[PDB]
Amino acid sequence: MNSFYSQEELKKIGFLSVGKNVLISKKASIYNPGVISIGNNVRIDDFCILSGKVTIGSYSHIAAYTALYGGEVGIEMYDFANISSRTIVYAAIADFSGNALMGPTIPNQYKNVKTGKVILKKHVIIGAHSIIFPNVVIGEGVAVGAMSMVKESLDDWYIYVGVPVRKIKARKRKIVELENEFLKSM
């Protein structure tokens, strides 16, 4: 079979805005859809979680198990950005240093949250099993390899790997031509 909402059920969800050809699995979780926005030709697979301010452009695959903890400051993805399975992107994290208490259970005034908008520029691919922390921009046409971790903004058009990531080599810009060629025949 397949797991997706129909254009009908989509509409009843109460999204800030949702495009056309949007396939979201009923096996995903959508928290606070009133601030979640989806452009066109998007797919979100089983067991993803979207919570808080999330904005996705058009022609993005969010693969299974991927969590987007958009918070109040948000996560945004430009067009042709894609995220492989089991990725987490965080717009807000707790403070591990030992200088604060943490998580939901604890009153704000004792915490020390790290928070910043997270943006994923065009043509970003995020490898399977990766993590992106708050306040970072992943640069235009960056690929980040599998099982990688990102704590900082990434320079455009490079491939990064590792925990935390290191720049391994350039990203081909050939996606750009194709983007245009594809867009042409629309």
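For every residue, the number given is its place in the sequence shown, counted from 1.
Remark: stretch with higher mean C-alpha B factor among 117 to 125 and 131 to 139 is 117 to 125. Set 39 to 47 against 23 to 31 and average the Cα temperature factors; 23 to 31 ends up higher. Per-chain ranking of the deposited C-alpha B factor places residue 110 in the highest third.
Residue 83: CA B factor lies in the lowest third for its chain, per the PDB record. In this PDB entry, residue 73 carries a Cα temperature factor that places it within the middle third of its chain's modelled residues. Sort the chain's modelled residues by C-alpha temperature factor and residue 92 lands in the middle third, per the entry. Among the modelled residues of its chain, residue 14 has a C-alpha B-factor that falls in the highest third according to the deposited record.
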